[PDB]
Each structure stands twice: as structure tokens, then as C-alpha cells.
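Quick notes on the structure that follows.
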Amino acid sequence: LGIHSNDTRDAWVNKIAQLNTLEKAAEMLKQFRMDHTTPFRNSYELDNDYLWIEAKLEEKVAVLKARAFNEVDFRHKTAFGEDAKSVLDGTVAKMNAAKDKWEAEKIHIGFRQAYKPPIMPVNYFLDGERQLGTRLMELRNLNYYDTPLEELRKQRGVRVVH
Amino acid sequence: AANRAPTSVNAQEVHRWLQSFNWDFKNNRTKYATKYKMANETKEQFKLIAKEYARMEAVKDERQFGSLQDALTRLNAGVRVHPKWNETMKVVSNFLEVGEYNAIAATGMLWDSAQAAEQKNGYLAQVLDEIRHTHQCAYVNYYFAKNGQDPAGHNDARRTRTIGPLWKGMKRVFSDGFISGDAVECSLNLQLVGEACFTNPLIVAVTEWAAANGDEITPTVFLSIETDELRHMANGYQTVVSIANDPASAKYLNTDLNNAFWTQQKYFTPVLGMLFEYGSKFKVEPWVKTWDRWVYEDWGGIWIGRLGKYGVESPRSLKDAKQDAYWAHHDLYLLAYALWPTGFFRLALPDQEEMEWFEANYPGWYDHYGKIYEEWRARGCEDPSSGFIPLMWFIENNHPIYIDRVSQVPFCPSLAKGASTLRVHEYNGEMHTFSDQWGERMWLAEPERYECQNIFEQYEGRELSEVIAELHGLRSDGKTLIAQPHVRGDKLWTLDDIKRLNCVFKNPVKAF
Amino acid sequence: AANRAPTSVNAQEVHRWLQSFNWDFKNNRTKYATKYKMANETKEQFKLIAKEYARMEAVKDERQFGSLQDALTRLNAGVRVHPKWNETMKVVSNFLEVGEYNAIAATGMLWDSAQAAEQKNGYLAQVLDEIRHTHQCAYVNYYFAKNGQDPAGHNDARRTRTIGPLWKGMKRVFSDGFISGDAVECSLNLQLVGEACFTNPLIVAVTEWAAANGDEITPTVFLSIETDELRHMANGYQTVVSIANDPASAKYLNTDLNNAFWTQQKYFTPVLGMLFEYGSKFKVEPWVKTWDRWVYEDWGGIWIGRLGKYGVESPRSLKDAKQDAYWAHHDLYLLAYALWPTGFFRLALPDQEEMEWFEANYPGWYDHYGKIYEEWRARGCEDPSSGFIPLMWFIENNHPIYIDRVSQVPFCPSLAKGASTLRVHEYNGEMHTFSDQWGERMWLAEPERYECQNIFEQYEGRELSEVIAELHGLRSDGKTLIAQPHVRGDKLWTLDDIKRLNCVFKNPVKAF
Amino acid sequence: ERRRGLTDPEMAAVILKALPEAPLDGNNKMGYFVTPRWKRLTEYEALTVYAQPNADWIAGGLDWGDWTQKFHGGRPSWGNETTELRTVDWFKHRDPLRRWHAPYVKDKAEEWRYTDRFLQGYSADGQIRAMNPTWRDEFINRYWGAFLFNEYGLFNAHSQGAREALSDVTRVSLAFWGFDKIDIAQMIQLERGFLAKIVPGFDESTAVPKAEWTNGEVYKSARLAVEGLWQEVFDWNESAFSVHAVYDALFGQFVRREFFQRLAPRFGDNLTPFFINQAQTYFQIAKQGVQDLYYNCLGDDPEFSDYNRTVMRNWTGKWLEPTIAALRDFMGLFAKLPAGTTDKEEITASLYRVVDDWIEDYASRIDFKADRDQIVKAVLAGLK
Amino acid sequence: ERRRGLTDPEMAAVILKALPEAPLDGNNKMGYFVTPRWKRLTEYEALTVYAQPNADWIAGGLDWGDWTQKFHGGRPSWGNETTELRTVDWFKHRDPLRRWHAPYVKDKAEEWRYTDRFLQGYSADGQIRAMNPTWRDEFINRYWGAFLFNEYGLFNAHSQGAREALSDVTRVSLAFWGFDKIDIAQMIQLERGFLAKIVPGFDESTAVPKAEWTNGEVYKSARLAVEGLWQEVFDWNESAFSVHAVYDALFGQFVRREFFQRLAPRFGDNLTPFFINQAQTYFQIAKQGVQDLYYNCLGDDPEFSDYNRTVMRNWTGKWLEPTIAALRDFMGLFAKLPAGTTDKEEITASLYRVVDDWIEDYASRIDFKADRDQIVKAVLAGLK
Ligand SMILES: [Fe+3]
Ligand SMILES: [Fe+3]
Ligand SMILES: [Fe+3]
Ligand SMILES: [Fe+3]
Ligand SMILES: [Xe]
Ligand SMILES: [Xe]
Ligand SMILES: [Xe]
Ligand SMILES: [Xe]
Ligand SMILES: [Xe]
Ligand SMILES: [Xe]
């Protein structure tokens, strides 16, 4: 099947069409992100279509969220009902408490998988990108070339096939 | 009548108070992640105001469009250009177009990063310049499509570019590298390295080769673009000056610079050499000579040397870059040609004079590349009735073609006269192929920044003609391919010629 | 914000009320003597206002100057032109320049004549257009002077043109013919005949000859001038319309028209064909064909035919003009070449290919002019050490050269292949020489309008080199003449070379 | 010397010999595949649409696959995640004035040179002679000068948008909206610099109007709104919509059109209006684009109209309060005017013009129920 | 098809072969023989000076001999006999703004396109709303409208000079002086045309303002002076000098700057000033050229200074009387203004501005003894 239209994309818009509550839509979107996005994804089976499928899931969550939430909540609460500012602050605080670059990447990557809009409001999320990215880079870019590749491969945990 | 001398106010007189325009408030800070602190009080070189900026650019436009619309059109300049160059310009103008475009967003980011009004103002002019450049490159393709010998590709590169592998690498250096990362790293990719090392000399060199090949359209536009570049160099220099007196600079600047340098050269070293030497009839200068002057001497030496007082030093990967350079462009054209059905331009095998030129300038060229091209011609690579695509030769001779997960540059280790290094890792259920130690470290350290799907992963198990068809790789007759393995006027390949070959893509890493 | 759609007002909406701008008062009448009455309700074809006029032309200028300054200069277009054509343009652009110039004053006179605001407005656009054209022709000479192969003459034609006899005739058709007389006669010389019959088709023809001879500068400028000409022909047509419903028209119009037609053709018939055929290397079309198409067909047939409803008839002197036309340009070049030291440009004898071309298109050319040119070359007319100037051949062979008192056109009745008419009259102590029946009547009926001193009268008793020196006919070295009998870069004639010949002017009429 | 292939006999002959007999494709129209907004594809569209290399996963993108290099953490170069608004196609937008770089700098350059000639004329003409000194010295220098910072802040509010816009057409419109704002800030200073040249003792230093902006009362809430719109909003659409369809449409329009443009003339001042003419011309030009993007494309989106209107009504409410606060503090400036300059009746009518225009042009477009009297009354509350 | 010599291999080969080694003269400067007014020869001068083919018998001519064809009776094409003024060289004049055709139309085009945008902005902004209906319907429509005929008459006064000017430099300046006048007349009509489009019932027909000009009291002496300057003067220099350095400098400057530009703002009218700004910019541009020709070149001529000043003083006296009568009748317009619009103290101050400006810029340059109080009092006699 094709690049821009295929059986798997088709299967997914059908499943997305069945979501009828903000909670089930938001849960499916979050589960999708844990299962199919970032180098930590649970599976690479949807590598060619996940980016587009995710966007379709986001549309459903967005639409349901705007209907469900009052104006203040649309601005300040996550799709799951959490206070965005509290999540932002606590996540950044964990990032700033990270003892090394390995703990740091897990916090940033995980934050993205769980709160990316339409879960967390964009204003809070991008403020998080601003703060989280800063610390991640400060930690990663310090003495960037000191670890030999043989050791860095082991730190990352790759299976070297060569 | 009246009394009082006619008087007015100029740009400098207003700019004198521009630094004072920004004011203090708690949240007056950049919205982007960065390890650096751009000093407020940082000044800019060009004392411009919006109105004077428009005036200076308008005069240039007047000249440019005047030439294009009047004399050059009367001279049929869009037609009287070598077929090979007409094709090269599809790639040169549209690929440069995306760099101009992403550079608008990059400088918007830099404008956001800067806290001093003058520094923001310097980046702002570049924001407007890059919009100008986007429209200029767009105009070059528009003109060649409107008045040239082959509009296909020139007329739809914005969508036909997506079929091929060379485009992915262009997005790395001139799109994503310009906007995704610490604002400073982006500035290094864009200004300090991209513009100062490659674009600035490239734009003028392009006018040289164009002129040699009968093209007077490109010099008219590109020479106008180059007049704005000085201000962009200043912006890059100012980026370093702005962050240099902060403790973060000593810790991070040189690694961001080294990473940006490697990033830019990894693509331009083989690609530009390829476009010049293989996309022209008349040659201006061998790329080995050009690269050494541009990167090693001009940039690597003099330009960077002017930044030493701010703690900047020569990229630690420069030596590696020079070593890998020599054969890089020759190695790449073999792949570009082998994969000709995936392009949006027409390619030619080097003719007898060129092969002689190549051998004279690169001893051993003929034994390796020359013989291969002769074999491909014998197999019928130019003829629609052969049922032969050079990719078939790669398969028959066990020569897998990989795509670097980081730079996106295609490489064939088992064949290459250059690098020949290959690193394959498996991580969390996916395999990744690297072509060098620098990009390998980038992925190992930042795997979440490099997840780009390659041509073989996306096209896996697909038959070639169906990919070309779905992605609109056809000319207006709806059957003849836009891309071709020769630049002659007939014996053009069609979709059906491709379909009969039954070429089905495979992900090469699966062999492991 | 808004409340009401964005609105403006255009030229035509303002023009709707322009006719009403003029008001009634006893002395609201023309300041110029005229036999006619321009109807005060006369309308104009182009509904323009000052602002829109300026914008229309500004757009044209940016295109033109863009071409000249950018692409054409990059192409070294000022240089890569045939030497003969470089010289021809010194004359074509400067002579046309005076036409544009006097046309400014002519339209000022016409604006004063017109009583309808709209008619005045039309003439006014032309006043400004002719100012545009003056600076345009000036720019062509300026551009060739700055960037071309031989700046002398291009750089000072406004003063060096005064040395030669061809300039006198140019002032009659394009200076005095445009502004001295009944405003309507001036309009017929300028618009109805000059522009409609000669200039309009000529400007375009010049660009074809220029293009054939490697000149891309002139096309860029002259093609721009051409865009304004239709407004002027509308002015000429309107002049006729405005005076046609008054009794004076039936009595006088066809006479003023006939006088204007003969006046213009008398100069242009021999001069244009000479500048084209002898001033070029590559030939576009034989003048005999061109002349017939322009004058007999296009103008005398179609163009004039459109004015029939206003009582306009083909000039009564047309058949005579055709009769005298055939050899006119050939006859004149002999004279221009013989008098080469009096010009501000370099002339060449026809080469072997041209001689073949001339005989092919003008049977009988070779045994008359061909023989003369061959004899002159044999005598060393091109060689500074020869001591020979063709004027000497005329003196030796008893072929006096005269200047028509009315048209100023030089003629040699005893040698001419064309007209041999010669009428010499003495009146109140002075003699006058005429070359045709039409000009003779003009002088007899209006002697006070025609008192122009000719070159033989002014230069009588003077040695040639003294005249050339006094009138600055030298190059910057202060030794070499601007004018030359060949177009080669070596063996250029010197003031001393001319002085050694001891050629002293004689008034030919003193032989009677 | 260099030999060019177009003019060199040898090289041209080689070139000409290689050319085909006729073009290899008859389709000589570049962006022929772009859906034209009008009857026929325009130059503006051909040169602009699809310049942005978005993949299909960003609504309307023609490319495929992930970006090649993302931010540390994984954030995409451009992504749906940067704005709450959703659409079927980000490339739908069209600036009704069709401005690409060339016509934009062309017009601005005309305004610049004419500005220069006008000032040269004004000074030579001695028109300053009848300008009221109190108006010039207090009102133009301090209060109009203070407004420069408002426009400058509005200009800066666009920085993130220049980086995050999801399409070429939107990016180009956005950049021009922002560039016109900095231009206006610079024209306010240019006027002050001009006064310094022709009026002895007039100080062009920004010290006074800056102190008025940062510490004065009349522009207090204005500055607070601006600082908010610029630095507290991280959504590029929220910034653009809120600045142009709420704050500037109400506060900016009142200040420029209903205060300075309306009152400067009463003090023999045709100088300030010369520059406000440019500001108002620019406001009305941007409006067309703002309306096309937010209403025609987003608010009327075939699949997300309801959603988008909900979000835009939300932003309207969010920013309407600080905007009213801005107008309210500004009412304080009237008390400083010489006695007899205006009255409450004229101020009230001017307030209604701004509110009524805003309701017809913006509020009504997304079904935002604005109460004109309620808004005007709230503002009038600050008169002294 | 058409082979071009610059690109055709065979043809270019032939041309290239005939070319010389280097240029045949190193003096590549067209107009090199012209005496520069400034440091170095300018493009303006090179493209203009000596384009007129005058012979040495018209001061400064480089040619020789009579014209080739003269008028019936013998009048020369151009001659000394067409003006009382005499000079050492008619080619001395230089427009200080150096305008040849290209820069002149470039600037006017900018003004045209910006005018269009301004009007689009003004109408979209609803700025007419606060314009006083009486000022709009009576003063702009009838009184400012009537002034169009004054500028039109002044434009027409230039026709003979366009034909009789004795040099290229004077002719180009003269034409541009006249072309700006017709432009102003059209801008007055343009405004009336705009008002008709945005104001229901406003009639753009010229009948009303034309009747005011041809039959009213306010512009009577103005019209009389215009009719004389245009049709009763046959000396091209008397015309240009008396129009620009007497009549328009006093009456025109009063009406444009001291009445309309000064008062229109008091009626919420920024529309008329937008156009008057163009008129005043044009007036000040023309002044520099008028001053260079009449004072720097003619009045200060090394041989004819005293003679030319005597003649110019004669013309000033000749035309000052009808100019004062023009101003006197115009004073009647003040009584038609709404009570409290202006007063005798403001009017007197404005008159003195015009008169003093005239004495400084024109009268004093030729030693013409103007009595400022006598002139102002003579004008004020038509007020009360
Ligand atoms: Fe650029
Ligand atoms: Fe750049
Ligand atoms: Fe003309
Ligand atoms: Fe003409
Ligand atoms: Xe490129
Ligand atoms: Xe290539
Ligand atoms: Xe392929
Ligand atoms: Xe001519
Ligand atoms: Xe000619
Ligand atoms: Xe000639």
C-alpha cells in the first residue's frame, strides 16, 4: 500500500472514529505515544505511519477537550484533569534534580510521551520544552567527547552488529 | 517661499536609540532552550531601520527583475544553456530554496534568543533577507520552467524532491540543522559554518559554473542574493560575541561548533563536488582544489581564526573531514546515478572528454568509476529497452547501499574509494547504520534527535514504479518519467519501462 | 478597525472631469499664429492624469535600466558589437536625440494651440514622453561611450555633430520642421508624417539591425521608447480631427501635409537607407523594399487612408518621392564618405561580401559606386600617408557637390544615379541651389523661412584641418581625428594628415 | 578574460548542438499543482506555496517521514504541538494583498522616500510655526513617544511565530505583520528626531517617553498587556490572533486613531498624522491577512470550525480583560489635555467607533458575544 | 529564426574578429566638455546639457548659423527676441534636485502608489466619521475645489515656455514645474472623487467649484491674475518668474498653507492635508530651481545682473498689485467660516508668515523693496 494512504492508516482512522469520551481518547493517545514514539517506543511496527496516525488521534482529543472543558480549564488543565502548572513545575524540578545525563533524558522524553498537546496546554508544554531542554543539553554537552565510543556504545546499551 | 533648511532624518539617526527600545520585566527572556546567555548590550554592525532596509533591497530587485524580464528574455537566455546545467539548476535552486526558507525560521529563533535590541534587529533583517532569498530561488526555478528546455522538476520540485535520497540529506543541513537544537548550535550550523564556510563561496561559484554553461539567469539572481550575505556573516560573528563572556561558552561552544561543522561538511563535501563536476559540461575548477581553499584555508584558517579571541578553535574533526573529502563526490555520484529513477532531474554518464578530465585531475578515477560507468552503459543504462537500472548491478555484485541515520547521506562501504567505514547497531528493536565516528557519537548521545526513516525503510517491499507514480514523478503526458539516465531529447524512459524492470526495494540492514 | 470597504480613485475617474478644467475668458486663445481652429470639445484617447502617467513610465524605466546595469554590463554588451555599428549608433542615437528634444517644444506649442483641456492633456503627455526620449537617446550614447570600443563622438556628438553637413538636414526635419511654422504644419511634420511614417517603424527597424550587429543596448532602450509612440500617433490623428470641421481645413490641410511629407522624406529616404546598409556588417533587409513598405504601403496607403474622412489625401508629391528614392541612399553615401573628415564617426568602404550583396539587390550598383569605391581604395583613401581624400576625386572629375537651400541635403547632380535636377537662382545679391521642384516652390514662396548658411558658405576659403580643430573634432590625444575613412584599430588619420592635404573649401555656386 | 557560454562562439555552438528540438515538457508553469485561491494561479502563490518542507503529518504537508534532526528531548522542527488550533491544511492561507518579498519592500521603499521628501518639504515650508508648543513638547514627545514601546512590544511578540509558523503563507504574512510594527516604532522615534532638528531645545532621547512607558500610569495596563502577549504566550497563533484581533484592534486603534489622529490636528499638528497615516494603512493591510487566516481558514475550517471558534473565543475573553484595563488606564490621559480640547461626548463616540468596528471585523467572526455598552462603560470608568 | 550577433556563434565570431585591441579613445565620459556645477559631472548634467541645438548667437550655444526653417515672416525657431532677460549663457541653470526624466517620474510614481494605499487605509479605517460635515460639504467641496482652477491656470501658464525655453536645463525644470501644477489640480479633484465614493450624496461634479471660481467673490482677483499670467504674458521668463516668484509665492502659499493646511485640521480633516502635503513638497522643490534660474543665473549674471534685476523688479511691481488684490478678495472667505474658527490675530500672523517668507526667499534676492506692513495692511482691508 502507499506512502500517504495505506491499510494501516485506514485501520487507525477507523479505530479513532470509535472514541467517544475525552478520557478514552486521551488514554489511547497516551498509550499510542508510549507504544510507537521515541527511541524508547514499545514497538517499531508502525515506524512508517505513526507520525501521521498520532496527528489523527490528537485531533480527536483536541475536539473532545474543547467541548468538555470550561474556558479556564481548557487553558490550565491537562486532558486528564491535572493542573498543568503543577505538572510543569514538578517535572522541571525532577529534571533539575537529575544527577546525570541518563536520568535527564528519561525525564524529558517521558514528559513528551505523556503530556504532548492536546494533553497538556501548549503554553505550559513549550515552557517545559524551554526549561527541560536547557538542563538536558547542559548535562549532555559537558565533556561531550571524553567517553570513547566503545564505552559509549555500552552506556547506551546497543547490541553492536557491525 | 518659507524659512528653514530642508531637513530630514536617516536610518543611523534613529538606530542610535534602538538599543534603548527594549525594557526590563521579569519574564523578558528567550522562549527557547539554550545553554548560553546572549549578553544584553550586544551591538550590531549595520545601523538599519525597516524603511531603509526595504529601500536597499528594492533597488536590487529593480535591477534583477529588469534584467530577467527584458534583455535576458529577449536573448532567450532561459533556453541557451547546456542540457546538463538546466538539470543541475533544478536541484541547486530548489535545494538552496529550502535553506533560505528554514533560515527565516532560524533567524526568528535567534531574534527571540537575543536580548539586546540591536542583536534582535540584526537577526530581523536576516529574517527578511531569507524571505527574499526564498522567493529568489523560487523565481529561478519559475523562470527556467517558464522559458527553458525542460520545465519538469523545475516546475514541481517542492513535491518531486520527496522521491529521492539526496533531499533527505539537504533537509539535515539546510532545514533541521538550522532550526532544531540549542539556538546557538543552530546559529553555528546556519551562519558560522553554513553561510561562512559553504553558502557564501558556493553562491558565487555557482554563478561561475552557470556562466560557463550558458546560464545568465542564475548569475543575475545569485549575485543579487550574495549582496545580502555580508549582514548574515555579521549576525554569526555577533552570536559568538554575544555569548563569549559567559562561563557556558568555555564548556560548550567548541563542541557545538565541531558538531555543526561536521554536520555541514558531511553533506556539502560530496554533494557540491558532485553537482559541479557531474552536472556541468564546461568545468571551472576541480573540486579537490576548491574544497581545500574554501574549507581548509579560507574558513578553517582565516575566518575561524578571527574568532579565536572569543575562545573559538578549529573543529577537532577538520582533519577527518579533509581525509574523507578527496573521493567523496565521486563515490556519491555512482549512487545518485544508480538511483536515477528516484530523482526529479536528468543525469548523464561522463563523456569521453570528461573521463579524461577526471583521470587527469584524480589519478585512478578511470580504473574505478570510469570502468563502472562503461559497464553500466554496456548493460544499457541509457536505453529504455534494456531493462537495466544500475541498482541491479549493485545487487548482482553484493554492494549494499546504506543511508547514514544521522546525516542521511547514502554510502556504499564495499565500493567506495573514500571512507569505507560502517557501524551497525541494534537498539530497542531497530537497527541503525552510521558512516563515521562523529555522527555515531551524535546518535549514541542523542538517539531521540535522529529517528529519520530512510528511503529503504519507507519503500521497503514496494515496486519502484508505484513509488514514482504515487509521488507524481511524471511529466505532463502522465507516462514519461521526470528523471532520466541521459540528457538527450529522445529515448526518454517511461513509467512502464520502469515497471517492467520489477525493481522492489529492500531494507539493506535486514541482511544482518 | 474598519467600517467601510477599502476604496480609492483611479486616473479615469479623475479624467472624466478634466475637460471641464478649462474656463472661458476673452483672451483664452493660442499665442501662436495659425490658419486653423482646434475645436474646443476635442477629446483625447488616453484617459491619463499626471500621477498614473509617471507610474506607467517608471515601470518601463526600471526594466530598461535594470537590463543595462545588470545583465548587459555583465555580458560586456557595450563592447561585443560590430565596429561599423558602434559608429552608426553615434549618429542614430544623437540625431534621434535632437528629434526627441525638439519634439518637447513642438508639443508645448501644440498644448498651447489646443483649446480643449483633453486635447491639451494629450499633447502634455507627449511633452513629458519626449523629455523621456531625449534622456534615453542620450543614455545610449552615454552607455556606448562609457563601455564601448570607441567613445569619441558618442561622448561629444552634441558639439562634434556641428562640423558635418548631414547634421544640417537632420535639424530641418527633426528640429525646425517640428517647431517653426503654423502649429498644424509642425504637427504634420512631427506626428502625422515624422512619427507615423518614419520614426515609429524606424525605431523598431533600428533594434533589428542593432541585434544583427551584436548590439543589445539599443534594443533595450529603443524598444522602451516604442511603447510610448502610440499615444503620439493618437495626438497626430487628434490634431486632424480637431481642425477638420472648420472652413480653413479644406483650404489648407493637404498643402501643409504635402509640404510636411516632402520635407520628412527628403532627408530620411537617403539618410536612413544609408545608415542601415552602409552602417552595418550584417544586413536585415534591402532599403528599397523597406522604403516601399513603410512609405507607399503602410503610411501612404493604410495610415493616410484612415484620415480620408477628414478630407486628407495622399500627398501630391508621393510619386515624385518614389521616383527620386531608388538610388538616393547610395548617391548620398558617396558624398558622406568623400567628406569623411567632417563627421564625428568612422566610415568603411563596402567589403567584398557587401559589394556582392549591393549588386544583387541593386543591379547597376557595381559599375557606378563599386568602381568609384574601388578607385578610391586604390588611391589610398584609407591610408593616412596617401595624401588622398575623395573630395579631391570630385574636384578632379568636375562633379560639384551642392547643398539644397531648403532641405540642406547634399547632392551631386552631375554624378548621381538618381535625381539630377539643379536649379540655381540669384535673388537680391545671393545665389540659392535647389535639388527638387517642391523645395524650390517652398523657397520662392517663403524665401525668409529658408536662409540657412551651408557648409561651403561658412567654410569658404578655410583649410579643412583648421575647421576640424576649431570645432573640436579630435580624440583625447588632441591629435587623432574622431572621424576616419576605415573602421580598423590601426593607422588612424591625424589632424596633421589632413593639414598636409591643404584642402580649402570653395563655395560651388561661385562657378556660375 | 572569462568566456561565457551564452556569447562565446565556441561554447555556445557546443551548447546549441546539445539542445533538444523543443522543450521536454509543455507544462511550463512552476507551481501548477497548487490549488489557486483566485481564478488563475498568481505569482505570489507560485513563489510561496509549499516552500515549507512539511510532511503529511502536519496538516496539508506533501512530504513524508520524520524530520532529520530534532531538538534534544525529541521536539520536532515544526509540529502540531506548537499551537492549539487545528486545520485540514496549513497551506490554505492567502494574504489578500498577495505580498511576497518584492512588492512588500517596493511599497515600503516608496513610503520611505516619500517620507524623506515630505519632511524636507515640511521643514522648508516652516509649517512647524503654528504647531502648539504644549502639544509638541508634552503630548508628542512624551505620550506619543511612549507608544513606540507598545508597538515595539507588539513587534517582538512575533518572534516565536517567525520560528513556529506551520506554513510558508502564514510565515510570510506573520513576518510582514511584525516588520510593520517595528517600522511604526521607528517612525515614532523618527518624528522625535525630526522635531529635535527643527525645534531648539527639543530632546530626541528616548529617556522621557521610556520612563513614561515603564513607570507612568496612563500606559500601565497597556505595558502589562504587551509584556503578557509577548512573553507569556508560547502559542504562535494565540500571539498573532490576540495581538491583532483583540489588543491592537481595540487599544491600538483607540490610541492611534481616536486619540492622536483625532486630536493632534487641533494643535496645528499635521506632522504626527503623516506617520499615523502609515500606521493605519499598515493596520488595515494586516487586518485582511489576519481575517483570512483566523476566520476564512481557521474559524471556517470545514472540519475544525467549531473547535477553532471555541479556542479563539477563549483567547478573546482571556485578552479582552487586560485590553479593557489598558484602555481604562489610558482614559487618564484626557485629564492632562488643555481645557476645552475634548469632552466626554466625543470620547464616548470615539470609544463606540473602536468597539463597533472590532465587533463587526473580529468578534462577530467567531460568534464572540461582545456587549458594546458594557465594554464602553467599563472603559469610561477611568476618565480622570 | 532571428539570430542575434551577441549570441550567435558565427555572427559573434565575425564581430569579435573586427574588434580593436582596446578602445580607440580613453575618454569614456559622455559630456566631459560640460562645465560641472558641482564637484564632478553628474548624470543629470551629462544627459541634459547641450541637447538643445542652439547656435552661438543665442547666449551659450555651441552650434553655428541660422535655423534651417523659420516661421512665415522669419521668426527664428528659438531666439533672443522671445524674452527680455539676457544672459552670458542660457545653459548655466541646474535644478538643485538634479532631476532628469527618470528620477522625476520615479518620485511621482511613489507618491501615486502611496496615495492609493493611503486612501484604501483611510476608507477602511472609517476616518471620515469624525470629519465636520460643513467643512467637508462647503469648504473642501466648493472652496478647495475652486482652487483646482487656480493651479490648472498656473499649469497652463507654462505652455508657451515649454515651446520658447532657450536651453535644455531650463526647459526640463519648466516642464516639471508645470507638470506638478496639473498634478495638484488633479489631486484636488481626486479628493472630491474619493469623498463622493465614501460620503453618500457628495457630488464630485466640478459644476459647483467651477461656478465658485468663475463667478464667486472670494477667488475673483485670483482668477483675474491667473488669466493674465497665463494669457496676457508672451515672455516665457516673465511668466515663470511672476507665477513662481510673485503670485504663487504669495497667494498660493497663503491659500494652501495658511488657510487650508492650517484650518482643515480644526474640522477633523486629515484628508485634505494629505494632498496639500504633496502641493507644499512640490512648491518647495520648484522654489530651488526657480531661485537658481532667476537669481543665481540671471539676477547674478556677471554681465547682466543689474539689467535682469531691473526687469525682475519691474515684473514684481507689475504682478504684486494683482496678487495683493487676489489675497484681499480671498480674505472674504474668513467671514464664511463658523464662528470661533480663527481670528484677526491668527490671520495677521499667517499673512506675515507668507510675506516675510516671500521677502526672504524672493524679493530680497533682486533688491526689490517690499514693505511688509504695507502689504499685510493692504490685504487685511478685505477682511474688516
Ligand atoms: Fe539567504
Ligand atoms: Fe543568508
Ligand atoms: Fe519621441
Ligand atoms: Fe514621439
Ligand atoms: Xe545545493
Ligand atoms: Xe548532478
Ligand atoms: Xe531506484
Ligand atoms: Xe537618424
Ligand atoms: Xe537609421
Ligand atoms: Xe554611415
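Every chain in the C-alpha cells takes a letter, A first, then B, and so on in the order presented; its residues are numbered from 1, and the ligands are numbered from 1 following the presented order.
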Within 10 Å of ligand 1, counting only C-alpha atoms and all ligand atoms, residues as a ChimeraX atom specification: /B:96-104,126-134,136-137,190-191,195,199-200,203,222,225-229,232
Determine, counting only C-alpha atoms, which protein, DNA and RNA residues have an atom within 12 Å of an atom of residue 229 in chain D; residues of the same chain fewer than 5 positions away are not included. Present the result as a PyMOL selection string. (chain A and resi 123) or (chain B and resi 27-28) or (chain D and resi 150+153-160+222-224+234-244+246-248+315+318-320+322-323)
Using the chain letters and numbers from this document, which residues of range 207-304 of chain C does DSSP assign to helix (DSSP H, G or I), as a ChimeraX atom specification? /C:207-212,217-226,229-243,247-278,287-304
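Separating CA of residue 243 in chain B from CA of residue 105 in chain A is a distance of 25.3 Å.
Every residue having at least one atom no farther than 7 Å from ligand 7 is included below, with only C-alpha atoms and all ligand atoms taken into account: residues 338, 339, 340, 341, 342, 391 and 464 of chain B.
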Once you count only C-alpha atoms, what closest atom pair and distance in Å to one decimal does each residue of chain C within 6 Å of chain E have, with rows by chain and rising residue number, as a tab-separated table?
```
residue	atom	partner	partner_atom	distance
C:1	CA	E:125	CA	5.5
C:2	CA	E:125	CA	4.6
C:3	CA	E:126	CA	5.4
C:4	CA	E:124	CA	5.3
C:5	CA	E:124	CA	5.4
C:6	CA	E:120	CA	4.3
C:7	CA	E:120	CA	4.8
C:8	CA	E:119	CA	5.4
C:14	CA	E:190	CA	5.9
C:50	CA	E:183	CA	5.3
C:51	CA	E:112	CA	5.4
C:54	CA	E:105	CA	4.6
C:55	CA	E:109	CA	4.4
C:58	CA	E:106	CA	5.4
C:82	CA	E:15	CA	4.8
C:105	CA	E:163	CA	4.1
C:108	CA	E:162	CA	4.9
C:109	CA	E:163	CA	5.2
C:112	CA	E:159	CA	5.3
C:132	CA	E:101	CA	5.3
C:135	CA	E:47	CA	5.6
C:138	CA	E:47	CA	5.4
C:142	CA	E:30	CA	5.2
C:145	CA	E:28	CA	5.0
C:146	CA	E:28	CA	4.5
C:149	CA	E:23	CA	4.3
C:150	CA	E:24	CA	4.9
C:151	CA	E:28	CA	5.4
C:155	CA	E:30	CA	3.8
C:162	CA	E:63	CA	5.9
C:172	CA	E:68	CA	5.4
C:176	CA	E:69	CA	5.3
C:180	CA	E:71	CA	4.8
C:181	CA	E:71	CA	4.4
C:211	CA	E:4	CA	5.3
C:212	CA	E:5	CA	5.0
C:213	CA	E:5	CA	5.1
C:214	CA	E:5	CA	3.8
C:448	CA	E:74	CA	5.3
C:449	CA	E:70	CA	4.5
C:450	CA	E:69	CA	5.4
C:452	CA	E:68	CA	4.9
C:489	CA	E:20	CA	4.9
```
Could you list, as JSON, numbers by chain, all protein and nucleic acid residues with an atom at most 7 Å from ligand 5, counting only C-alpha atoms and all ligand atoms? {"B": [91, 92, 95, 96, 272]}
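All chain C residues having an atom within 7 Å of chain B, based on only C-alpha atoms, amount to residues 62, 63, 64, 66, 67, 70, 71 and 220 of chain C.
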Residues up to 7 Å from ligand 9, counting only C-alpha atoms and all ligand atoms: could you list those as a count of residues only? 7
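Residues of protein, DNA or RNA lying at most 6 Å from ligand 6, when only C-alpha atoms and all ligand atoms are considered, are residues 88, 274, 275, 278 and 279 of chain B.
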Please measure the separation of CA of residue 94 in chain E and CA of residue 311 in chain E, giving the value in Å to one decimal. 21.8 Å
Can you pull out the residues contacting residue 51 in chain A? Cut-off 10 Å, using only C-alpha atoms, and skip same-chain residues under 3 positions away; I want them as JSON, numbers by chain. {"A": [33, 36, 37, 46, 47, 48, 54, 55, 56], "D": [55, 56, 57, 58, 64, 65, 66]}
